[PDB]
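What follows is one structure encoded as structure tokens, with my remarks underneath.
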Amino acid sequence: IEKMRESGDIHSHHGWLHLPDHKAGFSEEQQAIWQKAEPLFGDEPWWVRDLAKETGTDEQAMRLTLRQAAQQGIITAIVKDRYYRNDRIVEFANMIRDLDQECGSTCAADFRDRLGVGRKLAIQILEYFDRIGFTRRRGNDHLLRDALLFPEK
RNA sequence: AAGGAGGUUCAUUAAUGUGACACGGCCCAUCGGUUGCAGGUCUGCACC
């Protein structure tokens, strides 16, 4: 198998060995749900079990098809079973943006005193960004070793 | 001194039960839940 890898007959990424031709594109069978799922997802994203209830599709089927949708880059789970759009992820970064500059610490209080975004939401946002590397957590505060949150000045 | 310790009434014969084994004793987390409302992380009040 290694011999073929080195020849270049099989190109693999993240330890998954797929033919170089594969694009992880998907099938229509998924898209047909994703069309009705699109406006829904847009105006406010919601949880898996609720999604399945809204489109009359099996919970496990629905979660897996949306995980593939998320592999495509359409929706992001901030926490397991909770999926959002992209345009609100960048907005989550807009609210984290004012913390290092206005406070110099990261705390919960500003969830209610800045936009109105709930504590549960903000904390799951933070753990999503901690796994990503946008922020890191140590004792009382979050560090910024590797992100683009930083403005030029 | 309702008294005081004597006697009359109570026992023919009647052996044996193959092997192993139960009952079950310990903290008492003092229901849970991909649910709400708060706080930088413990649970307190609603839901149920």
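If you're wondering about the labels, chains in the structure tokens are A, B, ... by order shown, residues count from 1 in each chain, ligands from 1 in order shown.
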| task | Quick one: everything within 8 Å of stretch 81-90 of chain A, counting only C-alpha atoms (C1' of nucleotides), minus sequence neighbours fewer than 2 positions away in the same chain. Send it as an NGL selection string. | result | :A and (41-42 or 45-48 or 63 or 74-79 or 92-94)
Restricting it to N, CA, C and O atoms, dump the selection as a short mmCIF file (atom, residue, chain, number, x, y, z; two decimals), in the first residue's frame.
```
data_model
loop_
_atom_site.label_atom_id
_atom_site.label_comp_id
_atom_site.auth_asym_id
_atom_site.auth_seq_id
_atom_site.Cartn_x
_atom_site.Cartn_y
_atom_site.Cartn_z
N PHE A 41 -32.52 27.21 7.22
CA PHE A 41 -31.20 27.35 7.86
C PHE A 41 -30.82 28.81 7.91
O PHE A 41 -30.22 29.27 8.89
N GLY A 42 -31.04 29.51 6.79
CA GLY A 42 -30.75 30.91 6.60
C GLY A 42 -31.33 31.74 7.72
O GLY A 42 -30.54 32.19 8.56
N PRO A 45 -30.65 29.33 11.99
CA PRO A 45 -30.32 27.91 12.17
C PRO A 45 -30.88 27.30 13.46
O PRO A 45 -31.04 27.99 14.47
N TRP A 46 -31.15 25.98 13.44
CA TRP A 46 -31.62 25.22 14.61
C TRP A 46 -30.98 23.84 14.78
O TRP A 46 -30.22 23.37 13.93
N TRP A 47 -31.25 23.24 15.95
CA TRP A 47 -30.77 21.90 16.36
C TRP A 47 -31.30 20.78 15.48
O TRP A 47 -32.43 20.83 15.00
N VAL A 48 -30.45 19.77 15.26
CA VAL A 48 -30.71 18.48 14.60
C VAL A 48 -32.08 17.85 14.83
O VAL A 48 -32.79 17.57 13.86
N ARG A 63 -29.02 14.10 10.92
CA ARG A 63 -27.72 14.49 11.48
C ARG A 63 -26.55 14.13 10.56
O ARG A 63 -25.63 14.94 10.40
N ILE A 74 -20.94 24.52 4.72
CA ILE A 74 -22.18 25.28 4.65
C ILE A 74 -22.67 25.68 6.03
O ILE A 74 -23.11 26.81 6.25
N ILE A 75 -22.54 24.77 7.00
CA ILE A 75 -23.00 24.96 8.37
C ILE A 75 -21.89 24.49 9.30
O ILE A 75 -21.06 23.66 8.92
N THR A 76 -21.81 25.10 10.48
CA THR A 76 -20.80 24.73 11.46
C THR A 76 -21.43 24.40 12.80
O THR A 76 -22.20 25.19 13.34
N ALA A 77 -21.06 23.24 13.36
CA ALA A 77 -21.51 22.86 14.69
C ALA A 77 -20.66 23.56 15.74
O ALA A 77 -19.45 23.32 15.80
N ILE A 78 -21.27 24.41 16.56
CA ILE A 78 -20.45 25.03 17.60
C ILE A 78 -20.26 24.05 18.74
O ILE A 78 -19.33 24.18 19.54
N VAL A 79 -21.17 23.08 18.83
CA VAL A 79 -21.23 22.05 19.85
C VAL A 79 -21.97 20.92 19.14
O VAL A 79 -22.58 21.13 18.09
N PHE A 92 -19.89 36.17 15.56
CA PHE A 92 -19.37 35.72 16.85
C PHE A 92 -17.95 36.23 17.04
O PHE A 92 -17.53 36.59 18.15
N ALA A 93 -17.17 36.23 15.95
CA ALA A 93 -15.88 36.88 16.07
C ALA A 93 -15.99 38.39 16.26
O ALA A 93 -15.16 38.93 16.98
N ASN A 94 -17.02 39.07 15.71
CA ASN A 94 -17.17 40.52 15.96
C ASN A 94 -17.41 40.80 17.44
O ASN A 94 -16.93 41.81 17.97
#
```
What are the closest atom pairs, with distances in Å to one decimal, for each residue of chain A lying within 9 Å of chain B, using only C-alpha atoms (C1' of nucleotides), rows by chain and rising residue number, as JSON lines?
```
{"residue": "A:80", "atom": "CA", "partner": "B:34", "partner_atom": "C1'", "distance": 8.8}
{"residue": "A:81", "atom": "CA", "partner": "B:34", "partner_atom": "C1'", "distance": 8.0}
{"residue": "A:107", "atom": "CA", "partner": "B:40", "partner_atom": "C1'", "distance": 6.7}
{"residue": "A:108", "atom": "CA", "partner": "B:40", "partner_atom": "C1'", "distance": 6.7}
{"residue": "A:109", "atom": "CA", "partner": "B:39", "partner_atom": "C1'", "distance": 8.6}
{"residue": "A:139", "atom": "CA", "partner": "B:40", "partner_atom": "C1'", "distance": 8.7}
{"residue": "A:140", "atom": "CA", "partner": "B:40", "partner_atom": "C1'", "distance": 6.8}
{"residue": "A:141", "atom": "CA", "partner": "B:40", "partner_atom": "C1'", "distance": 8.6}
```
Could you save those same residues with N, CA and C atoms as a short mmCIF file (atom, residue, chain, number, x, y, z; two decimals), in the first residue's frame?
```cif
data_model
loop_
_atom_site.label_atom_id
_atom_site.label_comp_id
_atom_site.auth_asym_id
_atom_site.auth_seq_id
_atom_site.Cartn_x
_atom_site.Cartn_y
_atom_site.Cartn_z
N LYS A 80 -21.83 19.70 19.67
CA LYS A 80 -22.42 18.51 19.07
C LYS A 80 -23.94 18.68 19.03
N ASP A 81 -24.50 18.55 17.82
CA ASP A 81 -25.91 18.56 17.39
C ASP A 81 -26.40 19.98 17.13
N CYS A 107 -14.73 37.60 29.91
CA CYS A 107 -15.67 37.27 30.97
C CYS A 107 -17.05 37.11 30.36
N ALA A 108 -17.97 36.57 31.15
CA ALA A 108 -19.31 36.32 30.62
C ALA A 108 -20.14 37.58 30.45
N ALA A 109 -20.08 38.52 31.42
CA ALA A 109 -20.96 39.68 31.62
C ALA A 109 -21.35 40.43 30.35
N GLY A 139 -7.25 29.41 33.47
CA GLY A 139 -7.92 30.02 34.63
C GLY A 139 -9.05 30.97 34.27
N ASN A 140 -8.90 32.23 34.68
CA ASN A 140 -9.95 33.23 34.48
C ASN A 140 -10.12 33.66 33.01
N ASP A 141 -9.07 33.61 32.16
CA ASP A 141 -9.17 34.24 30.84
C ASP A 141 -8.72 33.42 29.63
#
```
| request: In Å, rounded to a single decimal, give me how far atom CA of residue A:151 is from atom CA of residue A:97. | output: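 Separation between atom CA of residue A:97 and atom CA of residue A:151: 8.4 Å.
Of the listed residues A:19, A:39, A:33, A:121, the one whose atoms come nearest to residue A:58 is A:33, with distances taken using only C-alpha atoms.
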| task | Name the residues of chain A that fall into helix (DSSP H, G or I) according to DSSP on the backbone, using the chain letters and numbers of this document, as a ChimeraX atom specification. | result | /A:2-7,28-43,48-55,59-71,89-102,110-114,119-132
| task | Choose the residue, out of A:152, A:6, A:98, A:130, that has the smallest atom-to-atom separation from residue A:111; count only C-alpha atoms. | result |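 The closest residue to residue A:111 is A:98.
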| task | Tell me which of A:7, A:135, A:60, A:31 sits closest to residue A:106, counting only C-alpha atoms. | result |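 Of the candidates, the smallest distance to residue A:106 is held by A:135.
We find atom CA of residue A:125 and atom CA of residue A:91 to be spaced 10.8 Å apart.
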| request: Kindly give the distance, in Å, that separates atom CA of residue A:43 and atom CA of residue A:57, rounded to a single decimal. | output: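 A separation of 20.4 Å between them.
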| message | Using DSSP assignments from the backbone, pull out every residue in stretch 17-138 of chain A that falls under strand (DSSP E) and give it to me as a VMD selection string. | response | chain A and resid 17 to 18 76 to 79 82 to 84 136 to 138
